[PDB]
Amino acid sequence: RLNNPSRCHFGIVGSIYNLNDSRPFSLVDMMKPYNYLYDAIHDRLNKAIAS
Amino acid sequence: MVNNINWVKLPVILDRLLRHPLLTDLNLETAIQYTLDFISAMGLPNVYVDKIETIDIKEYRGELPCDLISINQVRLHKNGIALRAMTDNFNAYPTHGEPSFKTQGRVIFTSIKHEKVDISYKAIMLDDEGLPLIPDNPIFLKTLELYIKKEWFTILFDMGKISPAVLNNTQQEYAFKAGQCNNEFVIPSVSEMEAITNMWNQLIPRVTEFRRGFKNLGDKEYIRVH
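Protein chains in written order, with the working numbering: chain U, 1 to 51; chain B, 52 to 277.
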C-alpha cells in the first residue's frame, strides 16, 4: 500500500461466513439435523416395508 | 420348542400312572399302544428323529426305508434339486418336466427313471429294546398320563365302574393339558424366532427355499448401503 510499509499479505484471500466473530453456522449445518431425522424415519419406513 | 427333548424309557409313565389305585391293571403292553396313539394324535414333529437316507430308483419306483413315517423332502442326489408332490395321473404310463414324487407304502413313485434320490424323513426314537422312547418333559409326561387315564376311565365308565363326574373331570384335565402340551412343543425358541424373523422381513422376498432343503429360510436378508 502507498502509505503503510507494513501492509502486506499473501496470495490467499477469502472470507468466513460467520456471525459476530464466531465459527460459521453454515447452510449444511442448519439442514443436517433434519437430514439425519429423515434418514432415521425412512429407516423405520423401509423396515416396515420389509415386514 | 424352548426345552430340549431328553429321552427316557417308556415305564417312566407307568411309574406315574400306577400311583392311582384305579390304574393298577395297566401294563407296558397297554402303555405302548396308548403312547403310540398319543404320539400320533398330537402330531408333534419334535418328537420324531430326523434321518436322511439315499435310495435308488429302478423305473419310476424306489424302495423306501423301514422306519419311515413322514418325509420332509425328497431331492435328486446329483443336483440337490428338491422334488414336489406328483399331480400327474399317468406318471410312467406312456402313450402310443420338473421331477416329482408320490409315496404310498414301502414304495416311492417318482417321475424319473434311473437316479438316486435323497429322502429326509422322520422316524421314532427307539430303545435298546425295540420300543418307543418318550420325552421326559413333565408336560408331555403329564399329558400322556392323562390320556391313558382318560381312556381307562372311558372304558370303566362304559361298564359303569366310574362316576360320570369322575370321567368329566378327567376329560377336562386332559383337554387342558393337551392344549398346553401342544403349545409347549410348537412355540418357537429364541433361535427359532431369529430364523422366523429372517424369514419374515425381506425387502426382496425369497420364494424359492423349497428348491434347496429350506437351508436359507432363516438366513438374514442383507441390503447393501448406497
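Quick reminder that beta carbons are idealized off the backbone N, C-alpha and C, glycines included.
Per-residue DSSP class, three states only, for residue i
| i | result |
| --- | --- |
| U/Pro5 | coil |
| B/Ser91 | helix |
| U/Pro33 | helix |
| B/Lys129 | coil |
| B/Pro96 | helix |
| B/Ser171 | strand |
| B/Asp101 | strand |
| B/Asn219 | helix |
| B/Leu177 | strand |
| U/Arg23 | coil |
| B/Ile106 | strand |
| B/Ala136 | strand |
| B/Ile64 | helix |
| B/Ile190 | helix |
| B/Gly113 | strand |
| B/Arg257 | coil |
| B/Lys266 | coil |
| B/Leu119 | coil |
| U/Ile16 | coil |
| B/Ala143 | coil |
Beta-carbon proximity of residue i to residue j, cut-off 8 angstroms
| i | j | result |
| --- | --- | --- |
| B/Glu114 | B/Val158 | yes |
| B/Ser162 | B/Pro150 | yes |
| B/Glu196 | B/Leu68 | yes |
| B/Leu177 | B/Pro183 | yes |
| B/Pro96 | B/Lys201 | no |
| B/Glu110 | B/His147 | no |
| B/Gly269 | B/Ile247 | yes |
| B/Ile120 | B/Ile175 | yes |
| U/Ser26 | U/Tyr17 | yes |
| residue 282 of chain B | U/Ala40 | Since the first residue of chain B shown is 52 and the last is 277, residue 282 of chain B is not available in this structure. |
| B/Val53 | B/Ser240 | yes |
| B/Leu61 | B/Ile83 | yes |
| B/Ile199 | B/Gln231 | no |
| B/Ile170 | B/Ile122 | yes |
| B/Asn233 | B/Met93 | yes |
| B/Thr154 | B/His128 | no |
| B/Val168 | B/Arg126 | yes |
| B/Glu260 | B/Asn252 | no |
Outcome for residue i when other beta-carbon atoms lying within 10 angstroms are tallied against a minimum of 16
| i | result |
| --- | --- |
| B/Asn140 | exposed |
| U/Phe10 | exposed |
| B/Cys117 | exposed |
| B/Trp203 | buried |
| U/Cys8 | exposed |
| B/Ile64 | buried |
| B/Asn188 | buried |
| U/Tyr38 | exposed |
| B/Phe227 | exposed |
| B/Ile206 | exposed |
| B/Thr221 | buried |
| U/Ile12 | exposed |
Beta-carbon neighbours of residue i, restricted to chain B and to distances below 9 angstroms
| i | result |
| --- | --- |
| U/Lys32 | Near U/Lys32 there are no residues of chain B at all, since even the closest Cβ is about 19 angstroms away, more than 9 angstroms. |
For residue i: DSSP bridge partner residues
| i | result |
| --- | --- |
| residue 48 of chain B | What is shown of chain B runs 52 to 277, which leaves residue 48 of chain B out entirely. |
| B/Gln124 | B/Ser171 |
| B/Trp251 | Answer is none; B/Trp251 lacks a bridge partner. |
| B/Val59 | B/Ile185 |
Contacts of residue i in chain U (Cβ-Cβ under 8 angstroms)
| i | result |
| --- | --- |
| B/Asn252 | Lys47, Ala50, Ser51 |
Distance cut-off 7 angstroms: residue i Cβ against heavy atoms of the ligand NAP
| i | result |
| --- | --- |
| B/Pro189 | Because no ligand of any kind appears in the structure shown, any question about the ligand NAP cannot be addressed here. |
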